[PDB]
Amino acid sequence: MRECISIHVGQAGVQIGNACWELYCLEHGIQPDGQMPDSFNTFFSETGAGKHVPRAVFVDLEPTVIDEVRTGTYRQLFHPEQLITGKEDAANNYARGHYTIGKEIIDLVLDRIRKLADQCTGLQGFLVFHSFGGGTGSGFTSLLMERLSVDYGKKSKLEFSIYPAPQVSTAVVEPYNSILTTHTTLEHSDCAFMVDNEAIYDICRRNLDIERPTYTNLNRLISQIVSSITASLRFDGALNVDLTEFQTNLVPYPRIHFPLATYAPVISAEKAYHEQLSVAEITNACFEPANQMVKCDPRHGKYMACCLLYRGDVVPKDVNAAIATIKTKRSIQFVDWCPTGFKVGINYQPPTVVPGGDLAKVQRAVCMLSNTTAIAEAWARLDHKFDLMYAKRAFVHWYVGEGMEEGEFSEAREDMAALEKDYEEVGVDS
Amino acid sequence: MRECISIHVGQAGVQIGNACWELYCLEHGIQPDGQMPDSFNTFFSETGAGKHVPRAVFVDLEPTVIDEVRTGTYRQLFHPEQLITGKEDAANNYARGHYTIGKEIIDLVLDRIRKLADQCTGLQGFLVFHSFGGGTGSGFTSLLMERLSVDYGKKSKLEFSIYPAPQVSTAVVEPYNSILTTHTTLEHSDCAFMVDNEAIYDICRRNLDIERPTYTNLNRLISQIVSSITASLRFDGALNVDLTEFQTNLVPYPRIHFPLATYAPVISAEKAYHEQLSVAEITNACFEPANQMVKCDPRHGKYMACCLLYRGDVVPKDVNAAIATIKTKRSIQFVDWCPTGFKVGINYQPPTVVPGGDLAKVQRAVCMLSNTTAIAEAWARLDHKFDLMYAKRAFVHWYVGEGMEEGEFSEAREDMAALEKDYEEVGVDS
Amino acid sequence: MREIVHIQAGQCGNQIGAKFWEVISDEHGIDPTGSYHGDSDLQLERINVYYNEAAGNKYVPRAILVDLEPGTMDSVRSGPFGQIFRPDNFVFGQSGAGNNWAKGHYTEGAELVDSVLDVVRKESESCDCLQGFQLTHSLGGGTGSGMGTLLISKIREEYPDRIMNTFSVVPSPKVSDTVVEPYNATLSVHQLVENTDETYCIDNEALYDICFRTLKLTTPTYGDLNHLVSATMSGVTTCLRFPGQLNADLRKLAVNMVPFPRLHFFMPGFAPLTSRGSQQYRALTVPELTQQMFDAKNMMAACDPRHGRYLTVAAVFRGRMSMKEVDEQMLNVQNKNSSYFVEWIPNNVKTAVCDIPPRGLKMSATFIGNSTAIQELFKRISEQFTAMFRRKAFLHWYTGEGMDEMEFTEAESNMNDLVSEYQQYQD
Amino acid sequence: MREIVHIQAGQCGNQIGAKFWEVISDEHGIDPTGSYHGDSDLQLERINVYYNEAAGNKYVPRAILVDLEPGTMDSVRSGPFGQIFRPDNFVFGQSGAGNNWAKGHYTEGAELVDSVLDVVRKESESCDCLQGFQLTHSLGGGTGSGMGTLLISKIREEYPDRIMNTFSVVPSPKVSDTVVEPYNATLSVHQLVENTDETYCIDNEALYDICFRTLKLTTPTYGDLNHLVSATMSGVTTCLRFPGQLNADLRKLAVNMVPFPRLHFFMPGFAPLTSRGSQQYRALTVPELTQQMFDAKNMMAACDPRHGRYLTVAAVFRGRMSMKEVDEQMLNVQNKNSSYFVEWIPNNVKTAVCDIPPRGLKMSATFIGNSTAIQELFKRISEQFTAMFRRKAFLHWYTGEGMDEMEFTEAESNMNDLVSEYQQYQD
Ligand SMILES: Nc1nc2c(ncn2[C@@H]2O[C@H](COP(=O)(O)CP(=O)(O)OP(=O)(O)O)[C@@H](O)[C@H]2O)c(=O)[nH]1
Ligand SMILES: Nc1nc2c(ncn2[C@@H]2O[C@H](COP(=O)(O)CP(=O)(O)OP(=O)(O)O)[C@@H](O)[C@H]2O)c(=O)[nH]1
Ligand SMILES: Nc1nc2c(ncn2[C@@H]2O[C@H](COP(=O)(O)OP(=O)(O)OP(=O)(O)O)[C@@H](O)[C@H]2O)c(=O)[nH]1
Ligand SMILES: Nc1nc2c(ncn2[C@@H]2O[C@H](COP(=O)(O)OP(=O)(O)OP(=O)(O)O)[C@@H](O)[C@H]2O)c(=O)[nH]1
Ligand SMILES: [Mg+2]
Ligand SMILES: [Mg+2]
Ligand SMILES: [Mg+2]
Ligand SMILES: [Mg+2]
C-alpha cells in the first residue's frame with residue numbers, strides 16, 4: 001500500500017520529474033521498459049507480468065517537453081494517457097495558466113488522476129512539481145491544487161517549487177507569477193519546499209567542482225532530496241518517518257509550512273576519497289549557509305523545527321551526539337518555544353547514484369528539512385521586485401486581457417505581506 | 001589524539017612545509033599517495049581505507065608555489081581544499097598581506113582551519129611556517145595569527161620563522177616587513193623559533209662539505225628540527241616532553257619566548273665514519289656558536305633555559321654526565337636566577353634520513369632549544385637597518401598607498417626597542 | 001500544432017522572403033523539390049509549423065507571395081527554391097504601384113487584396129492550430145507599404161486573437177533610394193502601430209554597416225543583406241521548430257518584451273558574425289556571443305542604443321550551452337551597463353535556449369531589443385516628411401488616388417505621439 | 001591569472017614588439033600558426049599571461065599594434081610570425097605623423113586613439129585578472145612618442161590601479177637620425193614622469209656599442225639591436241611565466257626598485273653576451289654572469305654608472321643555480337663597489353630566480369638598475385632642446401597643430417625638476 005502520486009506540471013516540473021523517475025527506476029531495479037528482472041509499489045503500479053508503471057501524471061500546456069518523453073529512453077515506462085499535453089502554452093502568463101488555457105485541460109487531468117488514485121489502496125498523498133515563475137507552473141498548478149483540495153480534502157499535498165532567484169532570473173514577469181501562485185499555495189498546500197537555482201549552481205561549482213552546471217545537474221540533485229523524503233516509505237530502517245509524521249513534527253502553525261531542504265554530502269569522486277565523511281560532519285554541514293538550496297542567511301533567522309533524515313550506514317547514538325553538538329553551537333539559534341526542535345529519521349539503504357552523475361557514492365547521506373524564519377528574506381526581495389513593476393502597472397494589461405482583475409494582484413500582495421508579518425511574529429522571543 | 005595542525009604561509013612557508021611533509025611521510029611509512037602498507041595520527045587524519053591526510057593548510061596569495069604541489073609528487077597526499085591560493089601576491093608589502101590582498105582570503109583559510117580542527121579530538125596547537133621578510137609571510141601571517149588567537153584563545157601557537165640575515169639579504173624592504181611582523185608576533189605567539197639562512201649556509205658548507213647549498217638543503221635541515229620537537233608526541237621513549245611542558249620549561253617570562261634551535265650532529269657520510277659521535281660530544285657541539293641556526297654570539301650572551309631533546313640510542317645517565325660537563329664550562333654562562341637551566345627529553349627513535357639528503361645516518365641526535373640573551377643582537381642590527389631607511393622615509397609611500405599609516409611604523413619600532421630593553425634587563429645579575 | 005502563416009508583399013518582401021525560405025528548408029532538410037532528405041528525426045518533428053504536407057513525401061511552404069508587379073513573381077519562380085512554392089499562392093497584379101502608398105492601400109491594392117484574403121483563409125483552414133502571421137516588406141515603397149498595411153488590417157479583423165508579426169525594412173536617409181519614402185513610411189508606420197503585435201525594424205544602412213565593418217565584405221549585395229535578415233527571422237521561431245532546455249515561442253517573447261501595447265518595435269541583432277580571415281582567431285563560447293549581441297555595431301537598426309534605454313531584451317540562444325553561464329553573462333551585462341536599462345523593470349533580460357544550432361555553427365544567438373533609442377529612426381523620418389509636406393510637394397499624386405491632406409496630418413500626428421510615448425518611458 | 005596586455009606604437013615600437021613576440025612564442029613552444037608544439041607542461045602552464053586561447057588548439061598574442069602609417073602594419077603581417085596576431089588588433093591610420101609629437105598627441109593620434117581604446121578595453125575584458133600593460137615605442141618621433149603618450153594617459157585613467165610599464169627607446173646625439181628629436185623626447189618624458197610606473201630606458205647608441213664591442217658584430221642591423229631589447233623584455237616577466245625558487249613579478253620589482261614615485265627610470269642590462277669565437281673560452285657560472293651584469297659596457301643606456309650612484313638594482317636569474325652563490329656574489333658586488341651605491345638603502349640589491357633558462361643557454365641574467373647617472377641622458381636632451389627652443393626653431397610646425405609655446409616651457413621645466421630630484425638623492 002502506502003502509495004504516493006506524483007504530478008509534474010510545466011517544463012520545470014516535467015524535467016525534474018524525468019530525473020526523479022530515472023532515480024526511482026535505478027533504486028527499485030526497474031528497467032526503462034517497465035520490467036524488473038515489495039516496496040517499489042509506493043511509486044509503481046504493477047500490471048500482469050514483468051511490467052511496472054509510475055504512479056505519475058505529467059502535464060504541460062505545450063507539447064515540446066512531453067514530446068521528448070514520448071520519443072525518448074523512458075517511452076515504454078509511462079502509458080501514453082499519463083502524459084497530457086495541450087497545444088499552446090501559458091506564455092509566462094498566470095492568467096492563461098489558471099483561466100484561458102488551463103480551463104481546457106484541467107478536467108481531463110483530474111479525471112486521469114482520479115483513475116490513478118482508484119488503483120491505490122493506501123494513498124499517502126501527492127507530490128507536485130512545478131515552477132513559481134512560468135504561466136503553467138503558476139496558473140495551472142494553482143488551479144489544479146484548488147480542484148485537488150476540493151475533490152480529496154484531507155489528503156496531504158506536498159509541492160516542490162523552483163522559486164525565482166534574487167539575481168539570476170530568466171524571465172521579466174517572474175515576480176508577478178510568483179506572487180500570484182503564492183496566494184493559492186498558502187491555502188491549498190500542506191507543506192512547500194522552495195528551491196533556488198542560483199543556490200544549486202553555487203553548490204555545483206563549489207562542492208562538485210563543476211565549471212558549467214546545467215539544468216540536468218540541478219534536477220538530479222533535486223531528485224535526491226525527494227528520494228530522501230520518500231525512502232522512509234520505500235524502504236525500512238531503525239527509525240522511520242511517515243509523511244503525516246513529518247508534517248506533525250515540522251509544521252508548528254498551519255500557514256508556516258515552508259521548510260528549507262539541504263542535502264549532505266555533495267562531493268566529487270576524487271574530492272571525497274580524502275574526506276572522512278562522518279555522521280557528525282555531515283550533520284554539521286547541514287546547518288551551514290553555503291550548502292542551502294535557497295539563497296538566504298539562516299544566521300540572521302531562527303530555527304523552529306528541523307527534521308534530519310539519515311540514510312545508509314548510520315546508528316542512533318552518533319546522530320544523538322551530532323544533535324547535541326549542534327545544540328551547543330551559538331550561531332545556530334532555535335526559538336524559545338521549541339525546547340527540542342529535532343525530528344530524526346534513520347533508514348538503512350545508502351543513497352544510490354545515477355550512472356554519469358556529478359555526485360560520488362557515499363556510505364551515508366542526510367536530508368535536513370528545517371523551518372527557519374530566514375526564508376522570509378526571499379519573499380521580501382520578491383515582494384520588492386513586484387512592487388516596483390506594479391508601481392508602473394508594467395505588463396498588467398496582458399493579464400487583464402486573459403480575464404485577470406487588477407484587484408487580484410493587490411489581494412495577492414496583501415496576502416504575502418500578512419504572511420511575512422506572521423513569520424516575523426513567530427520569530428520573536430518572550 | 002594529541003594532534004598538531006601545521007599552517008604553511010607564503011613561498012618560504014610552503015617550501016619548508018614540503019620538506020617537512022616529505023620527512024613525516026618517511027617517518028610514518030606513508031607513501032606519496034596517502035597509503036600506508038597509531039602515532040602517525042598526530043600529523044595525519046585517516047579516511048576510509050588505505051588513506052592518510054596531513055593535518056595541514058598551505059596558503060599563498062600567488063598560485064605559483066602551491067601550483068607545483070598540485071602538479072607534483074605529493075599531489076595525492078593533500079586534498080585540493082587544503083591548498084589555498086589567491087591570484088596576486090603581496091609584492092613584499094606587509095600592508096598588502098595584512099590588509100588589501102589578505103582580507104580577501106583570510107576568512108576562507110580560517111573556515112578550512114576550523115573544519116580541520118573539528119576533526120581532531122586532542123588538539124595540542126598550531127605550527128606556523130613563514131618568512132619575516134615577504135609581504136605574505138609578514139602581513140598575512142600577522143593577520144592570521146590575530147584571528148587564530150581570537151577564535152581559539154588559549155591554544156598554543158608555535159611559529160618557525162626565516163628571519164632576515166645581517167649580510168645575505170635578498171630584498172630591499174625586508175627590515176620594514178620584519179619590524180612590522182615582530183610587533184604582532186610578540187602578543188599572539190606563545191613560542192617563536194627564529195632561523196637565519198646565512199647560518200644554515202655556513203653549516204652546510206663547513207659541516208656537510210657542500211660547495212653550493214640551495215634552499216632545498218636548508219629546508220631539509222629545518223624539517224629535522226621540527227621532527228625533533230614533535231617526536232615526543234609521535235613516538236615514545238624514556239623521558240618525554242609535551243608542548244605545554246616545553247613552554248613551561250623554556251619560557252621564563254611571557255614576552256621572552258624566542259629560543260634558539262640547534263641540531264647535532266650534522267655530518268657527511270664519509271666524514272662521520274671517522275668521528276665517534278658520543279652523547280657527550282654532540283651535547284658539547286650544541287653549545288658552540290658555529291653550529292647555531294641564527295648568526296650571533298652566545299659567548300656575549302647568557303643562557304636562561306635550555307631544552308635538550310635527544311633521540312635514538314641514548315640513556316639518561318650519559319645525558320646527565322654531559323649536562324654536568326656543560327655546567328663546568330666557564331664560556332657557557334647561565335643567569336643567576338636559574339640554578340638548573342636544563343629540560344631534558346629522550347626519545348627511542350633514531351633520526352630517519354631523507355633519500356638523497358645531505359646528512360648522514362646517525363645512531364643518536366639532539367635538538368637544543370635555548371633561550372639566550374644573544375639573539376637580541378639580531379634585533380639590534382635589524383632595528384639599525386630599519387632606522388636608516390626610515391630616516392629618509394624610503395619606500396614608505398607604498399605602504400601608505402595600501403592603507404598603512406606612518407604611525408604604525410613608529411609604534412612597531414617602539415615595541416621592538418621595549419623588547420630589546422626587556423631582554424637586556426633579564427640578563428643582568430643582582 | 002502552432003502553424004505560422006508567411007506573407008511576402010512587394011519586391012523587398014519577396015526577395016527577403018525567398019532567402020528566409022531557402023535557409024529554413026536547408027535547416028529542416030528540405031531540398032528544392034520539397035522532399036525531405038535530412039538526417040535527424042528532429043528536423044521533421046515540427047515540420048508542420050512552416051510546411052504543409054502534400055502527396056508523395058513532399059513539403060510546401062505555408063507562404064503567400066503578393067505583388068502588384070508580376071516580374072517579382074517570375075524572379076521568385078525562376079530562383080533556386082522557386083519551384084517549392086504552391087503555384088496558387090502567387091497573387092500578383094499587372095500594373096505596379098509606382099512608389100505610391102495610396103495606390104497600394106486604396107486603389108490597385110484594394111482590387112488585388114480579396115484574392116490574397118481568399119488564399120490566406122484557405123491556408124488558415126489547412127492548419128490545425130494557427131498561432132499567427134509573419135509579413136516581410138518595406139515601408140518606403142507602394143506595394144509592401146500600402147498594400148501590405150491594408151492586408152495586415154484585413155487579417156487582424158478576421159484573426160483578432162492571433163499573433164501578428166512583421167519584418168519591416170525602413171527607409172534611411174544615408175541609403176535613400178526614393179523621393180516619397182518619408183510619406184510612405186509615415187502612412188504605414190501609423191497603421192502598424194495599431195495592428196501589429198511585434199515589428200522587427202530592419203534598416204538597410206545598418207545591414208550595409210554590418211557587411212562592410214563586421215563581415216569585412218568588400219562588395220555586399222542585397223542577397224547578402226537579405227541573408228542577415230533571414231538569419232534573424234529563423235532565430236525568433238527556433239523554439240517553435242526544435243526541442244530545447246528553456247523554450248519561448250512568439251507569444252512568450254511578446255509578453256516579456258512588450259510592457260505597454262504600443263511599444264512593440266524591435267531592434268534585432270544576430271551573433272556571431274565574423275570575416276573569413278578573422279574566423280580562426282576567435283573563441284566559440286557564450287561570453288563571446290553575449291559580448292557581440294549587446295554591441296551597438298551588431299544591431300540591424302540605425303540607432304545608437306546608448307542614446308536611449310532598453311525597456312526589455314530577449315535573447316535566443318541556439319546550441320549546446322550551460323544555462324548557468326548564460327544566466328551569469330546576462331546578469332553581468334545588466335549590472336555593468338545599468339545606465340542603459342530602465343530601472344523600473346528588474347531583470348530586463350529574458351532568455352530562451354534551443355539545443356539545435358544552425359548549420360555550420362556550434363552556437364548562435366538572436367537578440368531582440370526594445371530600446372527607447374528607436375525614436376531616432378522615427379524622428380528622422382518625421383523630419384523628412386515635414387520638409388516635403390510643408391510645401392505639399394508630390395501630394396497631388398496621392399490625392400489623385402483619392403487621398404486627402406487630412407490623412408497626412410493624422411499620420412504625422414500619430415507618429416509624433418508614438419515618439420513622445422517612447423521618450424516618456426525613456427525618462 | 002595575471003595577464004599582461006602588450007601595446008606597440010609607431011615603427012620602432014612595432015619592430016621591437018615583433019621581435020619580442022617571436023622570442024616569446026619560441027620560449028612557450030608556439031609556432032608561426034599559433035599552435036603549441038613544445039615539449040614541457042611548464043611551457044603551457046602560464047601561457048595565458050601573454051596569449052589568449054582561440055578555437056582549435058591555437059594561441060593568440062594579447063597584443064595591440066598601433067601606427068599612423070599602414071606600411072608598418074603591412075611589414076609586420078608579412079613578417080615571420082605576422083600571421084599569429086589578431087587581425088582586429090591592428091589599429092592603423094593612413095597619413096603618418098611626420099616626426100611631429102603634436103600630430104601624434106593632439107591631432108591625428110587623437111582621431112586614431114578611440115579605436116585603440118576600444119580594442120584594449122576588449123582585451124582587458126577577455127583577461128580574468130589583468131596585472132597591467134607593456135608599451136614599446138620611441139620618444140624621438142611623432143607616433144610612438146605623441147600618440148603613445150596619449151594612449152598611456154588614457155589607459156591609466158581607466159586602469160589607475162594597474163601596473164604601467166614602458167620600453168622607451170631614447171634619442172642619443174651620436175646616433176641622431178632626426179632634427180626635432182629633442183622636442184619630441186622632452187614633451188613625452190614629461191608625460192611619462194606622471195603616468196608610467198616603470199620605464200626601461202633603451203638607447204640605440206648603447207645597443208650599437210654592445211653589438212660592436214661585446215658581440216664583435218661587424219655589421220649590426222636594427223634586428224640585432226631589437227633582439228637585445230627583446231631578451232631584456234623577456235627577462236623581466238620570466239617570474240610570471242615559469243616556476244622558480246624565489247619569484248618576483250612586475251609589482252614586486254617596482255616596490256623594491258622605486259623608493260620615491262618619480263624615480264622609475266631603469267637602465268637595463270642582459271647577461272651573458274659573447275662572440276661566436278670567444279664562446280669556447282668562458283665559464284658558464286654565476287660569478288661570471290654577475291661580473292658581466294654590473295659592468296658599465298653591458299648597460300643598454302648611454303650613461304656611465306660610475307658617474308652616479310645606484311638607488312636600487314634588481315637582478316633576475318634564469319637557470320638551475322645555487323641561491324647561496326647568488327647571495328654571496330650580490331653581497332660581494334655591494335661591498336667592493338660601496339661608493340657606487342647610496343648608503344641610506346642597505347642591501348641595494350634585490351634577487352629573483354626562475355628555474356627555466358632561455359633557449360640555447362643553461363643560465364642567463366637580466367639586470368634592472370635605478371641609477372642617478374640616468375640624469376646624464378636627460379641633461380643632454382635638455383641641452384639640445386634649449387639650443388633649438390632659444391631660437392624658436394621648427395616651433396611653427398608644432399603650433400600649426402594647436403600647440404602653444406607655454407607647453408614647451410612647462411615640459412622643459414618638468415624635465416629639469418626631475419633631473420634635480422635625481423641629483424638630490426645622488427648627493
Ligand atoms: N535589404 C533589402 N532591401 C531592399 C531589397 N530590395 C529593395 N530594397 C529596398 O527597399 C526599397 C525599395 O522597396 P521596394 O522594391 O520593395 C517597393 P515595392 O516593390 O514594395 O512597391 P512599388 O512601389 O510598387 O515598387 C529601397 O530602400 C530598396 O533600396 C532587398 O532585397 N533587400
Ligand atoms: N633600436 C631600434 N631603433 C629604431 C628601430 N627603428 C627605428 N629606430 C629608431 O627610432 C627613431 C625613429 O623612430 P620611429 O620610426 O619609430 C618614429 P614613429 O614611426 O614612431 O613616428 P613617425 O614620426 O610618425 O614616423 C630613430 O632613433 C631610429 O633610428 C628599431 O627597429 N630598433
Ligand atoms: N531547476 C530547474 N529550473 C527550471 C528547469 N526548467 C525551467 N526552470 C525554471 O523554471 C522557470 C521557467 O518556468 P517553466 O517551467 O519553463 O515555464 P512553464 O511552467 O512551462 O510555463 P509556460 O512555458 O509559461 O507555459 C525559470 O525560473 C527557469 O529557470 C529545470 O529543469 N530545472
Ligand atoms: N630558508 C628558506 N628561506 C626562503 C625560502 N624561500 C624564500 N626564502 C626567504 O624568504 C624571504 C622572502 O620571502 P618569501 O617567502 O619568498 O615571500 P612571500 O611570503 O611569498 O611574500 P610575497 O611573495 O612578497 O607575497 C627571503 O628572506 C628568502 O631568502 C626557502 O625555501 N627556505
Ligand atoms: Mg513551458
Ligand atoms: Mg611569494
Ligand atoms: Mg516593386
Ligand atoms: Mg613611422
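Looking at the header, which is where the method is noted, we find electron microscopy, 3.1 Å.
Even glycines carry a Cβ here, placed using N, Cα and C.
Among the ranges C:1-4, C:81-84, C:161-164, the stretch that Swiss-Prot annotates as motif 'MREI motif' is C:1-4. Record check, Swiss-Prot: GTP site residues include C:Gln11, C:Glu69, C:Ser138, C:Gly142, C:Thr143, C:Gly144, C:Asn226, and the candidate from C:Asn48, C:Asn204, C:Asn256 also listed there is C:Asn204.
For the motif 'MREI motif' (C:1-4), DSSP puts the residue distribution at 0 helix, 2 strand, 2 coil. Comparing the recorded positions C:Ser138, C:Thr143, C:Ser172, C:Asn204, C:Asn226 by how many other C-beta atoms lie within 10 angstroms of each C-beta, the top residue is C:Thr143.
A Cα-Cα distance of 12 Å separates C:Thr285 (phosphothreonine) from C:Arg318 (omega-N-methylarginine). Spatial neighbours are here defined as Cα atoms within 10 angstroms of one another, and by that definition the neighbours of C:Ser172 (phosphoserine) among the recorded positions C:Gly142, C:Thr143, C:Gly144, C:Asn204, C:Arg318 are C:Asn204. Among C:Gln11, C:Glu69, C:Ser138, C:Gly142, C:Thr143, C:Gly144, C:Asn204, C:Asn226, the residues given in the record as binding GTP, the maximal Cα to Cα distance rounds to 22 Å. Here the Cα atom of C:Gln11 (GTP binding site) is found 35 Å from that of C:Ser40 (phosphoserine). Using a 10 Å radius centred on the Cβ of C:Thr285 (phosphothreonine) and all shown protein chains, the other Cβ atoms total 15. Checking the recorded positions C:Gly144, C:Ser172, C:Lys324 against chain A with a Cβ-Cβ cut-off of under 8 Å leaves C:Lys324. Residue pair C:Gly142 (GTP binding site) / C:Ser40 (phosphoserine) shows a Cα separation of 43 Å. In the vicinity of ligand 7, defined as a Cβ distance under 6 Å, the following of the recorded positions C:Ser40, C:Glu69, C:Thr290 are placed: C:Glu69. Counting other Cβ atoms within 10 Å of each Cβ, the binding-site residues C:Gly142, C:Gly144 show the lowest value at C:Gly142. Put simply, C:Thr290 is the one of the recorded positions C:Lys58, C:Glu69, C:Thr290, C:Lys324 whose Cα lies nearest to the Cα of C:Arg318 (omega-N-methylarginine).
Between the CA atoms of C:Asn204 (GTP binding site) and C:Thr290 (phosphothreonine) there is a gap of 24 Å, rounded to the nearest whole number. Note: C:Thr290 (phosphothreonine) has non-local neighbours C:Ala315, C:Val326, C:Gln329, C:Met330, C:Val333, C:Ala365, i.e. same-chain residues 6+ apart with C-beta under 8 A of its own C-beta.
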